[PDB]
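Undergrad: Before I ask anything, here is the structure I am working with.
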Amino acid sequence: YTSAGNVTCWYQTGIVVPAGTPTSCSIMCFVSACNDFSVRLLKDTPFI
Amino acid sequence: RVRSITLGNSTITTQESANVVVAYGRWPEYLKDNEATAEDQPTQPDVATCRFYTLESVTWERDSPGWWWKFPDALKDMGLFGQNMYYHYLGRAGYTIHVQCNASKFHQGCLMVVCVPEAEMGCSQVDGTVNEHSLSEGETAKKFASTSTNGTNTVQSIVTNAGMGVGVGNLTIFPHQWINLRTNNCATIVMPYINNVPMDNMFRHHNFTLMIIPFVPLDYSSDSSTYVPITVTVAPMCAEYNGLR
Amino acid sequence: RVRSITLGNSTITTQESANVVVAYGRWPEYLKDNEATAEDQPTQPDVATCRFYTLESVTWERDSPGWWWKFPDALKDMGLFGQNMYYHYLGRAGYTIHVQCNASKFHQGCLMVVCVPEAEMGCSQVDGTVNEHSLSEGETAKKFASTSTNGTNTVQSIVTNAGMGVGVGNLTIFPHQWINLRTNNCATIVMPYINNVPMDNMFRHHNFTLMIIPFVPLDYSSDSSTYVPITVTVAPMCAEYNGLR
Amino acid sequence: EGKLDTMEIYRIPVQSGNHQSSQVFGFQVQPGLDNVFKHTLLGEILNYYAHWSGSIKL
Amino acid sequence: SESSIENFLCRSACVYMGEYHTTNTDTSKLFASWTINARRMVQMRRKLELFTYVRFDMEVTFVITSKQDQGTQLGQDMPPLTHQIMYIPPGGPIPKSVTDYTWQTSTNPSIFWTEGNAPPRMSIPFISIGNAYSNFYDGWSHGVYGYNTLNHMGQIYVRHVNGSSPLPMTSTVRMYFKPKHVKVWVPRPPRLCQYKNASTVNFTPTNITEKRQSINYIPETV
Amino acid sequence: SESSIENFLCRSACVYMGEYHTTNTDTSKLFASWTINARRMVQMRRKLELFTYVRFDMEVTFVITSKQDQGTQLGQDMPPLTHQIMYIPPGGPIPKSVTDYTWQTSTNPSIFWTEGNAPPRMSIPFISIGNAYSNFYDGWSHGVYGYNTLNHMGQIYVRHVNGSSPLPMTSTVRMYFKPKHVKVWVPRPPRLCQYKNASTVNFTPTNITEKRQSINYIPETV
């Protein structure tokens, strides 16, 4: 109900550690725009 | 020191320090033009056959004998490359296979990754015949066993004879790569099309077989993860079919 | 004075004395390269989209009001061109349409064959809305009526208003061809891709509509055949999709 | 739920043990409209304009 | 020369007339609004339907007249009245009261005007992420048949610019619309039936033309 | 092109609306006043906070409307009314009555205008002994946190220009403000919380964004 692309991530193997290291961990995502970005029709923002 | 590779609308990431085996020295290519000039005209898709297809990961535990896949028909449900298998009567293709592991410096183990042409397999009963389901299950892997198997119509899959009646320490004669958790975790194999005819039908013949076999089992200690994931990614190269017009 | 044409693994036969209408003077072609250079890369199948697809014939009898088809989705079950409609999110194409009759010199009648872009149709109830099934049935033709229709969600298909609210004698403003059983029995129309954007999704939009409408009804006498068959053949041209890699 | 006001909102959890075919995360790529992209630096700009288009880097 | 596209389409017309008050007990009668399309003016609609795709700029002029309500109170001495005319692009905030915050958003262009002067006027460019507008769409919105979202052109809203507790007044606005720098594609046959509503092509079946006496009849020559 | 700094900031807006009488028994209702800053307009404030330093000129237009009070007396015949609009630079005298001497000082620029004509307009340059204005100040005034005296921009005062013993009238002024020739330095993140008052950055803690169902949830595709 979007008509947009999507991204997903899957466990291929699983995480393997030696003795004496933390068990769980984390991933972080960063987003940005590439040089070819364009905008039109200045309007008012819906946040204030 | 990381490279990012895009094929079509797919993107994966590898390390630029990769090592690549080109199977017998031969890169894939089109059968050039004039083996069968007059009424044998081929066509090529080059649309969404050249793209990365990623299977489900497998789970490497302490007692894992190994895994195998058959090519093609591991890709008979994979989007367009699978559609072309039903629409066309003859075809051919080469492949690029990436195999990756996710492990830490506190794990240890060793894998052989080998691509075997014409891997004809034996039955568990000496005066028997193998079934079609026991040879492959498509995009799901079959499993080797650690002892000798029984039951009707099953491949005899004891891992020391690799289902072919040879010694498994001698499979290095084929295009192969080693994965030692100590020094690397990835392997790329580029396979060309190998047959005794130029084209063929892709449903009743298995061109080659991909096998993954642990030679030193996975070991870990106190509170590391108890498994390691392995991931396989395939990109078809220079695919070509019979013309329809 | 007969030509034989082969597209792919298809072959049909026409007469070299054919007449061809190129819709607005424009042949089909690829959107060249650089409308959307950076992250809009297309691909083209050119495999078994360029090939003749032949629908079922229709039967022209004494009281036949007419027939219409929607493009695309008259080809959503047609082999590879239909597979590509499901695998890809955007596409575009031009077409070549051949229409043929099989009749004798003892028959008589006259047909208009017209290709209409954006043929938006009206409902049988003025404060109603049209259904998706009543607009098309795929490779089966819808039928015009000779009187005004009723029922919910149906196109108002009286043939004099052509379902669009205009006078049917004025449809010659569109790319069209006449078939007069006295002088010819065939018609070729080459249609380019016409939209107000360069690509589009092929499932919820009907680019154009092919209509076939008798202006003088079929007549025969004593023991001639009581019907005449009409046959439609379509070849897609310069098809192009969004890249998947 | 339960962590819209902590630093934990930014961390994708990777768990321990053997789960080698399960999903880790997934989202639709819709800057400007979708909640996960809406308040970023790119999302905040796009919400000043009624039409926009380009490529995105993750 | 008079049949060129510009001379045929580029002509001004009144497309909306609305009324609004300074004080009321309905609060929707305190402002006037219009959605821009060319389907509720029957004479412009028909000339536009001869083509499938169109591209133009818009020019809008406003004629505004006021009146003191016949309620009761006389002897007033009032300065001239001020009005605000706001254009909202596609993808903009819509006001719901006359006291709303959206009457102050920096990206909604706005005109302030006081009576007695020349009539106000603004010029809008071709605003579409597509390459042309379409008069006909044989598709689904994503679901409404025949409606595509590339044809959005914006909205206009008008209010009074008083302070607190104003005096009662009633105003009328008339909007005059004109397309400019026009280009058209794919001609069509002319509409033969009467229009039934503003969003569909629905129609009741109509005769092809009117009758005469016989297929030979020609009227006597003078 | 529409994301350039000039097209993003250089836009007109109503920032102050005030009322004033000709006769009253309060004597502060006889004139209207406004201090120039850009912190009590919430939509302009947020767009300006994306930068740390700004430099611009100001343009101000005035829309003025009058009314006779509903008190009692009718049958009047009045000439059009005159108004005086005075700008005070930073470091100028401030009036306290409408009869004060400061309404005549030669260094306070002033505009005289009579109703019926075009709306009046004045243009103010960049007025600061510093090199830019600052939207954020992490300091003390010499003691108020966050307030530095280089941001003074002046004041505006409006009165009627009658003679002695005038007739009762009520006027409303609306001020439209526009920055021009703008330059900005050091971009900042956008304000995530609502504003609480006009002089501080005070706020109540806010959520980072809104929730969804799970970390895997993607909505079903149409």
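In the structure tokens, chains take letters A, B, ... by order of appearance, with residues numbered from 1 within each chain and ligands from 1 in the order shown.
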DSSP on the backbone: what in region 34-221 of chain C comes out strand (DSSP E), as a PyMOL selection string?

TA: chain C and resi 42-43+53-54+58-60+67-71+91-101+108-117+142-143+176-180+186-191+208-219

Undergrad: For chain A against chain D, which residues fall within 6 Å using only C-alpha atoms, given as an NGL selection string?

TA: :A and (5-14 or 23-28 or 30-34 or 36-45)

Undergrad: Within 8 Å of residue 2 (chain A), counting only C-alpha atoms, which residues show up once you throw out same-chain ones fewer than 3 positions away? Write them as a PyMOL selection string, please.

TA: chain F and resi 219-222

Undergrad: Taking only C-alpha atoms into account, find every residue of chain C that has an atom no more than 7 Å from chain E, and write it out as number ranges by chain.

TA: C: 118-123, 126, 161, 165-167, 170-171, 173, 196-197, 204-206

Undergrad: Taking only C-alpha atoms into account, what are the residues of chain C at most 12 Å from chain D, put as a ChimeraX atom specification?

TA: /C:36-40

Undergrad: For residue 213 (chain B), work out the shell of residues within 12 Å, counting only C-alpha atoms and skipping chain neighbours fewer than 3 positions away, then give it as a PDB file with C-alpha atoms, in the first residue's frame.

TA:
ATOM      1  CA  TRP B  60      27.317 -24.687  10.336  1.00  0.00           C
ATOM      2  CA  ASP B  63      28.453 -31.878  13.678  1.00  0.00           C
ATOM      3  CA  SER B  64      27.676 -30.812  10.119  1.00  0.00           C
ATOM      4  CA  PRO B  65      28.673 -33.274   7.419  1.00  0.00           C
ATOM      5  CA  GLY B  66      28.124 -30.946   4.434  1.00  0.00           C
ATOM      6  CA  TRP B  67      25.803 -29.552   1.785  1.00  0.00           C
ATOM      7  CA  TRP B  68      25.288 -29.784  -1.973  1.00  0.00           C
ATOM      8  CA  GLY B 109      37.256 -24.455  11.309  1.00  0.00           C
ATOM      9  CA  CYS B 110      38.049 -25.299   7.707  1.00  0.00           C
ATOM     10  CA  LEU B 111      35.813 -25.743   4.630  1.00  0.00           C
ATOM     11  CA  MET B 112      36.323 -27.045   1.105  1.00  0.00           C
ATOM     12  CA  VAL B 113      34.167 -25.411  -1.596  1.00  0.00           C
ATOM     13  CA  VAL B 114      34.190 -27.335  -4.890  1.00  0.00           C
ATOM     14  CA  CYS B 115      32.337 -27.221  -8.246  1.00  0.00           C
ATOM     15  CA  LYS B 143      22.844 -33.004   3.278  1.00  0.00           C
ATOM     16  CA  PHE B 144      25.729 -35.436   3.473  1.00  0.00           C
ATOM     17  CA  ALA B 145      25.727 -37.985   6.286  1.00  0.00           C
ATOM     18  CA  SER B 146      28.478 -39.031   8.682  1.00  0.00           C
ATOM     19  CA  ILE B 158      28.374 -41.030   3.473  1.00  0.00           C
ATOM     20  CA  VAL B 159      30.612 -37.973   3.340  1.00  0.00           C
ATOM     21  CA  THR B 160      33.944 -39.775   2.934  1.00  0.00           C
ATOM     22  CA  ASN B 161      32.919 -41.105  -0.477  1.00  0.00           C
ATOM     23  CA  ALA B 162      31.060 -37.938  -1.531  1.00  0.00           C
ATOM     24  CA  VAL B 168      37.008 -37.156  -0.635  1.00  0.00           C
ATOM     25  CA  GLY B 169      40.571 -35.989  -0.091  1.00  0.00           C
ATOM     26  CA  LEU B 171      38.291 -33.666  -4.918  1.00  0.00           C
ATOM     27  CA  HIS B 176      37.924 -25.582  -5.611  1.00  0.00           C
ATOM     28  CA  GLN B 177      38.730 -23.130  -2.843  1.00  0.00           C
ATOM     29  CA  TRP B 178      39.632 -23.428   0.842  1.00  0.00           C
ATOM     30  CA  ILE B 179      38.073 -21.336   3.609  1.00  0.00           C
ATOM     31  CA  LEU B 210      28.313 -27.200  -5.869  1.00  0.00           C
ATOM     32  CA  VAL B 216      37.999 -29.541  10.434  1.00  0.00           C
ATOM     33  CA  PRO B 217      34.784 -29.137  12.430  1.00  0.00           C
ATOM     34  CA  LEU B 218      33.613 -25.884  13.982  1.00  0.00           C
ATOM     35  CA  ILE B 230      27.209 -19.546   5.360  1.00  0.00           C
TER      36      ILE B 230
END

Undergrad: Excluding residue 158 (chain F) and any residue of its chain fewer than 5 positions from it, enumerate the residues within 6 Å of it, using only C-alpha atoms, and give them as a PyMOL selection string.

TA: chain F and resi 31-32+84-85

Undergrad: Here is a test: counting only C-alpha atoms, which residue of F:15, F:111, F:9, F:42 is nearest to chain A?

TA: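 Among the listed residues, F:42 lies closest to chain A.
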
Undergrad: Would you give me, as a Markdown table, each residue of chain F having an atom within 9 Å of an atom of chain E, along with its shortest atom pair and that distance in Å to one decimal, using only C-alpha atoms and sorting by chain and residue number?

TA:
| residue | atom | partner | partner_atom | distance |
| --- | --- | --- | --- | --- |
| F:8 | CA | E:107 | CA | 8.4 |
| F:9 | CA | E:106 | CA | 8.3 |
| F:11 | CA | E:106 | CA | 6.7 |
| F:12 | CA | E:106 | CA | 7.5 |
| F:13 | CA | E:104 | CA | 6.7 |
| F:14 | CA | E:104 | CA | 7.1 |
| F:15 | CA | E:104 | CA | 8.8 |
| F:17 | CA | E:163 | CA | 6.7 |
| F:18 | CA | E:163 | CA | 7.0 |
| F:19 | CA | E:163 | CA | 7.2 |
| F:41 | CA | E:104 | CA | 8.6 |
| F:42 | CA | E:104 | CA | 8.9 |
| F:43 | CA | E:105 | CA | 6.0 |
| F:44 | CA | E:106 | CA | 6.8 |
| F:47 | CA | E:106 | CA | 8.9 |
| F:63 | CA | E:82 | CA | 7.2 |
| F:64 | CA | E:82 | CA | 7.8 |
| F:65 | CA | E:79 | CA | 4.5 |
| F:66 | CA | E:79 | CA | 3.3 |
| F:67 | CA | E:78 | CA | 3.2 |
| F:68 | CA | E:77 | CA | 3.6 |
| F:69 | CA | E:76 | CA | 6.7 |
| F:70 | CA | E:76 | CA | 6.5 |
| F:72 | CA | E:75 | CA | 7.6 |
| F:73 | CA | E:75 | CA | 6.5 |
| F:74 | CA | E:75 | CA | 4.1 |
| F:75 | CA | E:75 | CA | 6.4 |
| F:76 | CA | E:75 | CA | 7.8 |
| F:78 | CA | E:77 | CA | 8.5 |
| F:80 | CA | E:79 | CA | 8.7 |
| F:81 | CA | E:79 | CA | 8.5 |
| F:115 | CA | E:79 | CA | 7.6 |
| F:116 | CA | E:116 | CA | 6.5 |
| F:117 | CA | E:117 | CA | 7.6 |
| F:118 | CA | E:117 | CA | 7.2 |
| F:119 | CA | E:114 | CA | 8.3 |
| F:169 | CA | E:77 | CA | 7.5 |
| F:170 | CA | E:78 | CA | 8.3 |
| F:171 | CA | E:79 | CA | 7.5 |
| F:172 | CA | E:163 | CA | 6.5 |
| F:173 | CA | E:163 | CA | 8.4 |
| F:174 | CA | E:161 | CA | 8.1 |
| F:222 | CA | E:142 | CA | 7.7 |

Undergrad: Measuring atom to atom with only C-alpha atoms, identify which of A:21, A:15, A:1, A:35 is nearest to chain C.

TA: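 Closest candidate: A:35.
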
Undergrad: Hey, can you check how far CA of residue 157 (chain C) sits from CA of residue 133 (chain C)?

TA: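 About the pair CA of residue 157 (chain C) and CA of residue 133 (chain C): they are 14.0 Å apart.
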
Undergrad: Kindly provide the residues of chain C that approach chain B to within 6 Å, each paired with its closest atom pair and their distance in Å to one decimal, based on only C-alpha atoms, listed by chain and increasing number, as a tab-separated table.

TA:
residue	atom	partner	partner_atom	distance
C:6	CA	B:245	CA	5.7
C:7	CA	B:245	CA	3.9
C:8	CA	B:245	CA	1.6
C:9	CA	B:245	CA	2.5
C:10	CA	B:245	CA	4.1
C:43	CA	B:47	CA	5.7
C:45	CA	B:45	CA	5.8
C:47	CA	B:43	CA	5.7
C:51	CA	B:245	CA	5.6
C:243	CA	B:8	CA	5.3
C:244	CA	B:9	CA	3.3
C:245	CA	B:8	CA	1.5

Undergrad: Could those selected residues go to a file with N, CA, C and O atoms, as a CSV table (one decimal), in the first residue's frame?

TA:
chain,number,residue,atom,x,y,z
C,6,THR,N,9.3,-13.8,-40.9
C,6,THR,CA,9.7,-14.6,-39.7
C,6,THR,C,10.2,-13.7,-38.6
C,6,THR,O,11.2,-13.0,-38.8
C,7,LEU,N,9.6,-13.7,-37.5
C,7,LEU,CA,10.1,-13.0,-36.3
C,7,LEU,C,10.3,-14.1,-35.2
C,7,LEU,O,9.4,-14.7,-34.7
C,8,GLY,N,11.6,-14.3,-34.9
C,8,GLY,CA,11.9,-15.3,-33.9
C,8,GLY,C,11.6,-16.7,-34.4
C,8,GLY,O,12.2,-17.2,-35.4
C,9,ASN,N,10.8,-17.5,-33.7
C,9,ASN,CA,10.4,-18.8,-34.1
C,9,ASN,C,8.9,-18.8,-34.6
C,9,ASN,O,8.2,-19.8,-34.6
C,10,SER,N,8.5,-17.6,-35.1
C,10,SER,CA,7.1,-17.4,-35.7
C,10,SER,C,7.3,-17.2,-37.2
C,10,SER,O,8.2,-16.6,-37.6
C,43,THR,N,16.5,-1.7,-19.3
C,43,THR,CA,17.0,-2.9,-20.0
C,43,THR,C,15.9,-3.2,-21.0
C,43,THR,O,14.8,-2.7,-21.0
C,45,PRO,N,14.3,-6.6,-23.4
C,45,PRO,CA,14.3,-8.1,-23.5
C,45,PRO,C,14.8,-8.6,-24.9
C,45,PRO,O,15.8,-9.3,-24.9
C,47,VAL,N,14.0,-10.8,-26.9
C,47,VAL,CA,14.3,-12.3,-26.9
C,47,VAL,C,13.1,-13.0,-27.5
C,47,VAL,O,13.3,-13.6,-28.6
C,51,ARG,N,8.2,-11.1,-31.8
C,51,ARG,CA,7.6,-12.4,-32.2
C,51,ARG,C,6.1,-12.2,-32.4
C,51,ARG,O,5.5,-11.3,-31.8
C,243,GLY,N,15.9,-1.4,-15.1
C,243,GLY,CA,17.0,-2.4,-14.8
C,243,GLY,C,16.9,-2.9,-13.4
C,243,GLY,O,16.4,-2.2,-12.5
C,244,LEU,N,17.3,-4.1,-13.2
C,244,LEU,CA,17.1,-4.8,-11.9
C,244,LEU,C,18.4,-4.9,-11.1
C,244,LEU,O,18.4,-5.5,-10.0
C,245,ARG,N,19.5,-4.4,-11.6
C,245,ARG,CA,20.8,-4.6,-10.9
C,245,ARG,C,21.3,-3.3,-10.3
C,245,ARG,O,21.7,-3.1,-9.2

Undergrad: Between A:46, A:29, A:4, A:22, which is the closest to chain E once you count only C-alpha atoms?

TA: A:46

Undergrad: Counting only C-alpha atoms, collect the residues of chain E whose closest atom lies at most 9 Å from chain D, and write them out as a PyMOL selection string.

TA: chain E and resi 89-92+107+128-129

Undergrad: Would you mind listing, as a tab-separated table (two decimals) with N, CA, C and O atoms, in the first residue's frame, all residues of chain B that have at least one atom within 10 Å of chain A, where only C-alpha atoms are what counts?

TA:
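Saved result, out_21.tsv, follows:
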chain	number	residue	atom	x	y	z
B	54	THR	N	20.37	-14.57	-4.24
B	54	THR	CA	20.88	-15.02	-2.95
B	54	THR	C	19.95	-16.05	-2.34
B	54	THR	O	18.78	-15.77	-2.10
B	55	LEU	N	20.49	-17.23	-2.05
B	55	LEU	CA	19.72	-18.32	-1.47
B	55	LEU	C	19.59	-18.11	0.04
B	55	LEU	O	20.13	-17.16	0.60
B	56	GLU	N	18.90	-19.02	0.71
B	56	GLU	CA	18.93	-18.99	2.17
B	56	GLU	C	20.28	-19.44	2.70
B	56	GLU	O	20.93	-20.30	2.13
B	57	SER	N	20.66	-18.87	3.84
B	57	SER	CA	21.89	-19.26	4.50
B	57	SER	C	21.76	-20.65	5.10
B	57	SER	O	20.67	-21.10	5.43
B	58	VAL	N	22.88	-21.33	5.23
B	58	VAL	CA	22.91	-22.59	5.96
B	58	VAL	C	23.66	-22.38	7.27
B	58	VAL	O	24.43	-21.43	7.44
B	59	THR	N	23.42	-23.29	8.19
B	59	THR	CA	23.89	-23.18	9.57
B	59	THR	C	24.94	-24.24	9.83
B	59	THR	O	24.63	-25.43	9.85
B	60	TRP	N	26.18	-23.81	10.08
B	60	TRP	CA	27.32	-24.69	10.34
B	60	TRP	C	27.42	-24.89	11.84
B	60	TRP	O	27.71	-23.94	12.57
B	61	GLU	N	27.16	-26.09	12.30
B	61	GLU	CA	27.26	-26.44	13.71
B	61	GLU	C	28.40	-27.43	13.92
B	61	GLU	O	29.18	-27.71	13.01
B	100	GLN	N	30.30	-16.96	1.40
B	100	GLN	CA	30.78	-16.16	2.52
B	100	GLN	C	30.38	-16.78	3.85
B	100	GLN	O	29.39	-17.50	3.96
B	101	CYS	N	31.19	-16.50	4.87
B	101	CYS	CA	30.96	-16.93	6.25
B	101	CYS	C	30.86	-15.72	7.16
B	101	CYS	O	31.43	-14.68	6.88
B	102	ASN	N	30.15	-15.88	8.27
B	102	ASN	CA	30.19	-14.86	9.33
B	102	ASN	C	30.66	-15.49	10.64
B	102	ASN	O	29.91	-16.20	11.29
B	103	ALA	N	31.89	-15.19	11.03
B	103	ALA	CA	32.52	-15.80	12.19
B	103	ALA	C	33.42	-14.79	12.89
B	103	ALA	O	33.75	-13.74	12.34
B	104	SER	N	33.85	-15.12	14.09
B	104	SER	CA	34.71	-14.26	14.88
B	104	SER	C	36.13	-14.81	14.92
B	104	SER	O	36.44	-15.86	14.36
B	105	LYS	N	37.02	-14.11	15.62
B	105	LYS	CA	38.37	-14.59	15.82
B	105	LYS	C	38.48	-15.61	16.94
B	105	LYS	O	39.56	-16.16	17.15
B	106	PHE	N	37.40	-15.88	17.64
B	106	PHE	CA	37.36	-16.91	18.66
B	106	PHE	C	36.75	-18.21	18.17
B	106	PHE	O	36.65	-19.16	18.95
B	107	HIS	N	36.35	-18.29	16.91
B	107	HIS	CA	35.94	-19.53	16.27
B	107	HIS	C	37.10	-20.13	15.48
B	107	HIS	O	38.13	-19.49	15.29
B	108	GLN	N	36.92	-21.36	15.03
B	108	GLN	CA	37.90	-22.08	14.22
B	108	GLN	C	37.22	-23.15	13.38
B	108	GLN	O	36.25	-23.76	13.83
B	218	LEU	N	33.76	-27.11	13.20
B	218	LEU	CA	33.61	-25.88	13.98
B	218	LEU	C	33.85	-26.11	15.47
B	218	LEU	O	33.30	-27.03	16.07
B	219	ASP	N	34.66	-25.25	16.07
B	219	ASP	CA	34.86	-25.30	17.51
B	219	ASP	C	34.79	-23.90	18.10
B	219	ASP	O	35.26	-22.94	17.50
B	220	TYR	N	34.18	-23.82	19.27
B	220	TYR	CA	34.07	-22.58	20.03
B	220	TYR	C	34.11	-22.93	21.51
B	220	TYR	O	34.09	-24.10	21.88
B	221	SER	N	34.15	-21.91	22.35
B	221	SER	CA	34.14	-22.12	23.78
B	221	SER	C	33.22	-21.09	24.42
B	221	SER	O	32.41	-20.46	23.74
B	222	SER	N	33.41	-20.85	25.71
B	222	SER	CA	32.34	-20.71	26.69
B	222	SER	C	31.02	-20.10	26.23
B	222	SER	O	30.01	-20.81	26.20
B	223	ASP	N	30.98	-18.83	25.83
B	223	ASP	CA	29.70	-18.20	25.50
B	223	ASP	C	29.69	-17.52	24.14
B	223	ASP	O	28.96	-16.57	23.93
B	224	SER	N	30.49	-18.01	23.20
B	224	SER	CA	30.36	-17.66	21.80
B	224	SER	C	29.06	-18.21	21.23
B	224	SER	O	28.41	-19.06	21.83
B	225	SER	N	28.68	-17.71	20.06
B	225	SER	CA	27.56	-18.29	19.34
B	225	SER	C	27.86	-19.75	19.00
B	225	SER	O	29.00	-20.12	18.75
B	226	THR	N	26.81	-20.57	18.98
B	226	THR	CA	26.98	-21.99	18.77
B	226	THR	C	26.88	-22.41	17.31
B	226	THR	O	26.95	-23.60	17.02
B	227	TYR	N	26.76	-21.47	16.39
B	227	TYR	CA	26.66	-21.80	14.98
B	227	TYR	C	27.38	-20.73	14.18
B	227	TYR	O	27.71	-19.67	14.69
B	228	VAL	N	27.62	-21.01	12.90
B	228	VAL	CA	28.19	-20.02	11.99
B	228	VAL	C	27.36	-20.02	10.71
B	228	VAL	O	27.08	-21.08	10.17
B	229	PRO	N	26.93	-18.87	10.20
B	229	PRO	CA	26.18	-18.87	8.94
B	229	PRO	C	27.03	-18.77	7.69
B	229	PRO	O	28.00	-18.01	7.60
B	230	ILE	N	26.60	-19.54	6.69
B	230	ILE	CA	27.21	-19.55	5.36
B	230	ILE	C	26.18	-19.06	4.35
B	230	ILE	O	25.01	-19.44	4.41
B	231	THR	N	26.62	-18.21	3.41
B	231	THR	CA	25.75	-17.56	2.43
B	231	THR	C	26.29	-17.72	1.02
B	231	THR	O	27.49	-17.52	0.79
B	232	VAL	N	25.41	-18.06	0.08
B	232	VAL	CA	25.75	-18.36	-1.30
B	232	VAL	C	25.02	-17.40	-2.22
B	232	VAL	O	23.81	-17.24	-2.10

Undergrad: Residue 2 (chain D): which residues within 10 Å, counting only C-alpha atoms, same-chain residues fewer than 6 positions away excluded, as an MDAnalysis selection string?

TA: (chainID D and resid 8:9) or (chainID F and resid 211)

Undergrad: Let's have the selection written as a tab-separated table (two decimals), in the first residue's frame, with N, CA and C atoms.

TA:
chain	number	residue	atom	x	y	z
D	8	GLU	N	18.41	3.61	22.30
D	8	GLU	CA	18.13	2.30	21.75
D	8	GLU	C	17.34	2.34	20.45
D	9	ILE	N	16.61	3.42	20.18
D	9	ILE	CA	15.87	3.53	18.94
D	9	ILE	C	16.78	3.42	17.72
F	211	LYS	N	6.04	5.33	16.21
F	211	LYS	CA	6.28	3.90	16.19
F	211	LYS	C	5.66	3.22	14.98

Undergrad: Just asking: which residues within region 8-242 of chain B are alpha helix (DSSP H) according to DSSP, as a list in words?

TA: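 Secondary structure check on region 8-242 of chain B, alpha helix (DSSP H): residues 79, 80, 81, 82, 83, 84, 85, 86 and 87 of chain B.
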